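Below: one structure, written as structure tokens.
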Amino acid sequence: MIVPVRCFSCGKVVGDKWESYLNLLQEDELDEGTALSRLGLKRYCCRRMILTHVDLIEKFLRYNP
Amino acid sequence: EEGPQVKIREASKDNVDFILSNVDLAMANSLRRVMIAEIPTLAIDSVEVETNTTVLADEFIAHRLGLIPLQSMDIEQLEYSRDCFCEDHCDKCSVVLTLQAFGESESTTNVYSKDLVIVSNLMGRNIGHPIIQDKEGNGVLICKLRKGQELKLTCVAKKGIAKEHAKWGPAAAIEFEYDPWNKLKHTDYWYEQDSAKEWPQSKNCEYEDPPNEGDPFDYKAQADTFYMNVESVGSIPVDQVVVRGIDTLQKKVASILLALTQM
Amino acid sequence: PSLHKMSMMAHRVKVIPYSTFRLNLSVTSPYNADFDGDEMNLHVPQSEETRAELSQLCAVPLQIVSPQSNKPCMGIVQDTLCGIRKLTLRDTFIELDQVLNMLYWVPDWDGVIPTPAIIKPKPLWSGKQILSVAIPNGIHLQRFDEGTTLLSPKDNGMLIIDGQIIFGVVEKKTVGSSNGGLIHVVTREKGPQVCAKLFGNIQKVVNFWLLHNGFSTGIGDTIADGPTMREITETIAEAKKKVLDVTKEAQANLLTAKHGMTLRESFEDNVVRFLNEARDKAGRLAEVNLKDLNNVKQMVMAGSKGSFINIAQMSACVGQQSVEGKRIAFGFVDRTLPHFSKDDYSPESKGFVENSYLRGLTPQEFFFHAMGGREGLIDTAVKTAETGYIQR
Amino acid sequence: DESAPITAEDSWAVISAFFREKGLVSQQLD
Amino acid sequence: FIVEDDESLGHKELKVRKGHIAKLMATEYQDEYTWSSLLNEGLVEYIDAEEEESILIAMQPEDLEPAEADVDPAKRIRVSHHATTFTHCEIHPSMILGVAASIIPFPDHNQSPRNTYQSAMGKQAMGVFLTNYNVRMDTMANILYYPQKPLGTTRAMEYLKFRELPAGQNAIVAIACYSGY
Amino acid sequence: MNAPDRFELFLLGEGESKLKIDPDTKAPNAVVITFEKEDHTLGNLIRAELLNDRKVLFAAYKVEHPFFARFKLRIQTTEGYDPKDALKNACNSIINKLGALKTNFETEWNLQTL
Amino acid sequence: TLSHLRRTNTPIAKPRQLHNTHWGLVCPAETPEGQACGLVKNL
Amino acid sequence: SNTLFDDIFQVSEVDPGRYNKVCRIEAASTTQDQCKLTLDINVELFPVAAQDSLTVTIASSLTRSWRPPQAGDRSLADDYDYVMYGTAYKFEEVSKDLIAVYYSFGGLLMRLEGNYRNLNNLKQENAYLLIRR
Amino acid sequence: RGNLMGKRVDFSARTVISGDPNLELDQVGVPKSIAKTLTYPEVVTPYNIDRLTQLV
Amino acid sequence: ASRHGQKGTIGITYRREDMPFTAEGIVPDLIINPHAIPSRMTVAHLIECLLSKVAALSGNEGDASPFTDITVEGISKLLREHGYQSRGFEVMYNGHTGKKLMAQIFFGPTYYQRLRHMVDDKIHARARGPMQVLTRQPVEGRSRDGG
RNA sequence: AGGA
Ligand SMILES: Nc1ncnc2c1ncn2[C@@H]1O[C@H](COP(=O)(O)CP(=O)(O)OP(=O)(O)O)[C@@H](O)[C@H]1O
Ligand SMILES: [Mg+2]
Ligand SMILES: [Zn+2]
Ligand SMILES: [Zn+2]
């Protein structure tokens, strides 16, 4: 539910890296393991942040008030 | 040239690989700790909410705002509010940021680290600017709005350290390694058939000589030579996470001397 | 519950931050407490008279040796037990830097740095040597384990002369809540206050040493040799034949029923017995192939957690499943599941789990294990009530 | 090969169709 | 699944063929060949408890259909397709499990009660229970700030919406004796 | 809720002193220094440098409970040498070594082009 | 919520035990502990 | 205040039964036939192979705390390449003039058996063990 | 059995337990909040007069 | 709790500097005890971790389905391809000293659930307070401030 | 209806 700023484990800023990760997947037709790596996410702690995120905000946005 | 030596392997905007030689482990580690824990930064520490029509909670957003990295280049010429003589805060001890966003568009309206505006006086000092390392120049994505979804906040960023809260963390992970060939026997490898086969070789093996089997155990051998990598978040540049770490640790020691003097 | 004299003990207040009651780890056994979310009750006496009753009768140190079984009801447990073995091996030597911290940590240390067991090349102290700083001067303890020579070649048994370890590895037999135990002797010889202080000391040193040594456990510890796996696989195969042999024999009317048994009762006893013989044989193959570096073996060795049976089921083979002693019955007409032909008496049909947990279970194996497991959860639920009222 | 035998992996496509049609609370509703 | 002796080409073979499978997946990609379609073409059937007594089931299809005319040591030891009388086949043997057990990674590698346990704990967990949580006024409600889908999943979770609505976070974990805390 | 204030890790309390120096009774020419609002960062550092001083007979440190940011440091020196002096020196040695470290790093950092 | 809508209660000779007939109809592991164990079954 | 035993031995066997840094040595005296020796050794610090000449000495001296440096500054009572410190734990009477003494060096055990060193080897916690070559 | 053999009582507290290697065998970690609730009735005596006057 | 009947409470939280670390600069979020495994035979917990460790590096969803052809030896192969030691062990360094741990730690990501049992919602103390009417004894319940 |  909305991308976390900073990796829990190490603290690397991850808040910016979401919109791009989604583009590298759709626009660039890439696989997750590459997309993540192109965005610099090398340590598995950083990788799980972006990889295992579930952007629930998008559903909540679908309700009128 | 002097006492402990340094040899930078690779430098960048946000990562420094170097080899620390002629030191005690206890000192490389004390430096390791300081870089994580005790270098001061600037971070949002008070969020006053005027409007929120968002799907996110006032405090959920508040939490996020703290984690947004801010310019802490001139952090040394700012006071801790604790030390400052005002009722609450001021320009001597804080940076005041503002955030106003509304969904004018039919499409989802985004809220970014860039959307923050300094309303306080910066006394002509490099501080408070949200760190934008982003390709499209947006920084951290704080929120998302639909239509009449509004957001109104006033933020007071203050000087602080990681020991108080990790939002004042100037550095991300710090790589640290010594003795890639286990010549000191500071470890005992778990194996199935062969420890040498089953355990990967370090990249730092190249910067040290292999043990050579036909040699007795060097018990006299002490640990010096530390393969390290300091990674910055943005608040302070890589070199300064190293330098300010060294200075912070130095002051920390000097305080003990001064404490003994007053005694 | 509170089924014990020791399920209610008097303690010294220690006002601390955070919202939980904190208790010493050795006190965990008499209460039957663990920290998976257990809660406890505190009672404050309001009199000078009641306070005395508590300090003078129900104090934790007084409770150390228990009349229930005339032996200590508190001992060294978990981390401290696991690390006390590791610290005390012949192999284990400590350098000055750490030796000095290991010392300062004992709150009663005489301020006397003992002479190292090795004075050049390099001064080295042994685990034994520095653990002995916790053991008070006057404690004498002798123990002989399986084939302990007065030269203790295997580092077996225990020899403690005047609060100093001469030989033997310290573990569950010495430091645990055992009859001849270092603890039983410390209370009996020095006092309940001196013994209770010893708990703290052994744990402050051992814990510190282990903090810096480390200890872990992973899947690697369940993996057994390829040849040991071949050996186990063929061990089950021969047992399955031995079973089929008695199966063809009993179907050909050749079987001779045991006196006071059905012809069938006789056969099933034999089948069940070959399958169990095997589960142990194969299991015994694993515990031998595991090196002294096997973290599981290391916990089984100290006695901190685990036993042979766990190694057996995890690494080698789970075994025969039982519901009411009798192997999986025919719930369906003449078969255990619809994926079996009728009148099938084979180990696989009656619920023998040939596979190890490391290898994984088949759907039949899974469901049979499930039937068996559920039987336990029922008998705990049933008995837990019967047993409580017996006590009443 | 429109009538070639099914693979073990294929079973998921069958299961998939069962849920698409029935759902997880099928029995309550029916 | 229905298995028929009926086959011009060799043995007793499973009615559902590679063609039906892609024909279904055509309807999967659209978001005409439904579940009822299999049911009325008589490729699949509903077997109650009473009828189960009079049938013979295969666990795997391919793995338990064409007979023998090297072997991996790593895999668990499986039986055989000695039977020629097979009336039906098991769609998937993981479908023996209910909702709770279905979220357990590798349950066939755990001691049975440890699964009976976890099947009761996920009901005390926390996460997103419904997306309309902001519009509903329930007495007591717990929502996880940053839910994450598991790195280790079950093929059943697809149908359970677990990846869409999680209950946990992927913690970086060390199994270690550290401070003794 | 039973949670101490985060600043209680580094900010000295009401009438609390950084150092509390007491003489060890168990051994001659021995001292016990208590460091308030201090962790392992500075603990193990001082301890180790004291070990380098030839005239320092014993040096060890301990954090008695992790809830509290303080530590005890015990120093024992050769007769005639004061343990307070032992600490003064080991501290200066540390600063002077960090001095070289900063200098050498900056020197090296400058040489890079990135 | 899902597991609650797929729940079964057995009111009141050995019902608690996991029976062979339960294969594929009811979960082998989803049962509570205690007074309920084996009488509260899940589909 | 003096030395207690001195002789040269020859290694029969060296044994690391499960141990990685330690071995139990087996040696007989080159001089007296009646004399044999069993001893645990830190092979990492001082390795030993079979058929080695070793001068095994005991000595009471050269009892308060232990001082680390100033060893060059003081008299290094070692002309030996491996020194241990331990306790005497048993005095086994193995018939006639024959006696066996057991020494524990922090868990590293030793059994020396001879006959003549009667008026020397004392039941003392204080006994050093020196080895050269 | 409900009100005479057993009773609900005052001067009683209950919370989650956790282990501590830094506590002595005979002590118990009492959360501050709990200590600030549970009270002991001390008598004003010359030995304590000053101490008690301060806690008040 | 984990998804394997592995319940537990926090016993202490440590800051990043005090935590043990991989040379890569990685630090655990959680530290579970080696004793929680032998008696329990929760092998799947260990496999989950190893599988999820690969899944986080590869960026491909890790199938941990019940009846499948996935082997511990298979997953191990993949992890070694990623540069880590096959059985998920990693060398660690003590946070307080910086010194290498003599042991190698089974380090890797595992899914953990947050449970409804929180201390501050359970903690209770009473020392005189409401009494029932009939029995004139203390009332019942944390809510009602009972004894 | 849940907790050890
Ligand atoms: N219904 C009940 N009545 C009284 N006491 C109970 C109880 N249920 C559980 N307990 C207590 O809680 C303790 C722990 O039981 P569980 O929570 O199931 C873990 P365990 O069965 O001890 O195995 P483990 O230590 O290997 O994990 C028991 O030993 C018992 O004292
Ligand atoms: Mg419990
Ligand atoms: Zn990270
Ligand atoms: Zn101000």
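Every residue, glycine among them, receives a Cβ derived from its backbone with ideal geometry; neighbour counts consider all protein chains shown. Numbers and lists here come from the model and the stated rules, or from a named source; no laboratory read-out is quoted.
A few points about this structure:
- Hits in the range C:88-111 (condition: in contact with a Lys or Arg (Cβ under 8 Å, 6 or more places away or on another chain) and in a helix (DSSP H, G or I)): C:101, C:104
- The residues on offer are B:32, B:64, and the sole one that is crowded, with 17+ Cβ neighbours inside 10 Å and either in the same structural domain as residue B:251 (by CATH) or small (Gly, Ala, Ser) (or both) is B:32.
- Tallying residues that are of a type outside the set (S, T, N, Q) and more than 27 Å from residue C:90 (Cβ to Cβ) within the range C:285-321 yields 8.
- Some residue of the range B:169-185 being within 14 Å of chain J (Cβ to nearest Cβ), away from ligand 2 (no atom under 16 Å from the Cβ), in contact with a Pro (Cβ under 7 Å, 6 or more places away or on another chain) and more than 29 Å from residue B:60 (Cβ to Cβ): yes
- Figure legend. Inter-residue proximity from the range C:253-275: first residues farther than 13 Å from residue C:326 by Cβ, second residues charged (D, E, K, R), beta-carbon distance below 7 Å, spacing 6+ or different chains. Indicated pairs: C:255/C:249; C:266/C:258; C:274/C:242.
Every residue, every condition in (1) at the interface with chain C (Cβ under 10 Å from one of its Cβ atoms); (2) of a type outside the set (S, T, N, Q); (3) not in a loop (DSSP other than H, G, I, E, B), yes or no:
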{"residue": "G:4", "(1), (2), (3)": "no, yes, yes"}
{"residue": "G:17", "(1), (2), (3)": "yes, no, no"}
{"residue": "G:24", "(1), (2), (3)": "yes, yes, no"}
{"residue": "G:41", "(1), (2), (3)": "no, yes, yes"}
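- Filter result (of a type in the set (S, T, N, Q) and either exposed (fewer than 13 other Cβ atoms within 10 Å of the Cβ) or within 14 Å of chain C (Cβ to nearest Cβ) (or both)) within the range F:2-40: F:2, F:25, F:29, F:34
- Positions within the range H:63-91 being farther than 15 Å from residue H:125 by Cβ and within 11 Å of chain C (Cβ to nearest Cβ), in sequence order: H:65, H:67, H:68, H:69, H:71, H:76, H:77, H:78, H:80, H:81, H:82, H:83
- Put simply, of B:164, B:136, B:192, B:106 the only residue that is assigned to a loop (DSSP other than H, G, I, E, B), in contact with a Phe, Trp or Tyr (Cβ under 7 Å, 6 or more places away or on another chain) and of a type in the set (D, E, K, R) is B:164.
- In the set C:286, C:224, only one residue is part of a helix (DSSP H, G or I), under 22 Å from the mean Cα position of the chain (by Cα), within 14 Å of chain J (Cβ to nearest Cβ) and within 30 Å of residue J:40 (Cβ to Cβ); that residue is C:286.
- Considering C:248, C:242, C:258, the condition of being in a loop (DSSP other than H, G, I, E, B), surrounded by fewer than 22 Cβ atoms within 10 Å (Cβ to Cβ) and of a type in the set (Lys, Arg) is satisfied by C:258 alone.
- Test for residue C:29: is it within 16 Å of ligand 2 (Cβ to nearest atom) and either farther than 23 Å from residue J:125 by Cα or touching a strand residue (DSSP E or B) at 6+ places or on another chain (Cβ under 9 Å) (or both): yes
- Residue ID - nearest to the chain's Cα centre (by Cα), chosen from residues in the range G:6-15 that are assigned to a loop (DSSP other than H, G, I, E, B) and of a type in the set (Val, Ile, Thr): G:10
- When each of C:349, C:341 is tested for being of a type in the set (S, T, N, Q) and in contact with a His (Cβ under 9 Å, 6 or more places away or on another chain), the lone residue that passes is C:341.
- When the criteria are applied in full, residue H:27 fails the requirement of being over 23 Å from residue B:219 (Cα atoms) and out of contact with any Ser or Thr (no Cβ under 7 Å at 6 or more places or on another chain).
- Residue that is nearest to RNA strand K (Cβ to nearest atom) [pool: residues in the range C:1-22 that are in a strand (DSSP E or B) and in contact with an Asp or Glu (Cβ under 7 Å, 6 or more places away or on another chain)]: C:22
- When we screen C:42, C:57, C:87 for residues that are away from ligand 4 (no atom under 16 Å from the Cβ), farther than 30 Å from residue C:158 by Cβ and surrounded by 16 or more Cβ atoms within 10 Å (Cβ to Cβ), the only hit is C:42.
Yes/no per residue for (1) buried (at least 16 other Cβ atoms within 10 Å of the Cβ); (2) more than 20 Å from the chain's Cα centre (by Cα); (3) more than 10 Å from chain C (Cβ to nearest Cβ); (4) farther than 27 Å from residue G:40 by Cα:
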| position | (1), (2), (3), (4) |
| --- | --- |
| E:88 | yes, no, no, yes |
| E:100 | yes, no, yes, no |
| E:119 | yes, no, yes, no |
| E:136 | no, yes, yes, yes |
| E:144 | yes, yes, yes, yes |
| E:150 | yes, no, yes, yes |
| E:156 | yes, no, yes, no |
| E:172 | yes, yes, yes, yes |
| E:178 | yes, yes, no, yes |
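- One residue stands out in the range A:8-26 among those that are not in a helix (DSSP H, G or I) and not polar (S, T, N, Q): the one that is nearest to RNA strand K (Cβ to nearest atom), namely A:8.
- Residue check for residue C:68: crowded, with 17+ Cβ neighbours inside 10 Å, of a type in the set (S, T, N, Q) and either part of a helix (DSSP H, G or I) or more than 16 Å from ligand 4 (Cβ to nearest atom) (or both): no
- One residue stands out in the range E:31-42 among those that are at the interface with another protein chain (Cβ under 9 Å from one of its Cβ atoms) and surrounded by fewer than 17 Cβ atoms within 10 Å (Cβ to Cβ): the one that is farthest from residue G:23 (Cα to Cα), namely E:31.
- Contacts under 8 angstrom Cβ, first residue in the range A:27-53 being facing chain J (nearest Cβ under 8 Å) and part of a helix (DSSP H, G or I), partner more than 16 Å from ligand 2 (Cβ to nearest atom) and hydroxyl-bearing (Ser, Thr, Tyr), 6 or more apart: A:33/J:58; A:35/A:21; A:36/A:21; A:45/A:9
- Among (1) within 16 Å of the chain's Cα centre (by Cα); (2) surrounded by 11 or more Cβ atoms within 10 Å (Cβ to Cβ) - the single one residue I:55 does not satisfy: (2)
- Residues (in contact with a strand residue (DSSP E or B) (Cβ under 9 Å, 6 or more places away or on another chain) and surrounded by fewer than 19 Cβ atoms within 10 Å (Cβ to Cβ)) located in the range G:1-19: G:7, G:8, G:9, G:10
- If you filter the range J:5-49 down to residues that are part of a helix (DSSP H, G or I) and within 16 Å of RNA strand K (Cβ to nearest atom), you find that the one that is surrounded by the fewest Cβ atoms within 10 Å (Cβ to Cβ) is J:36.
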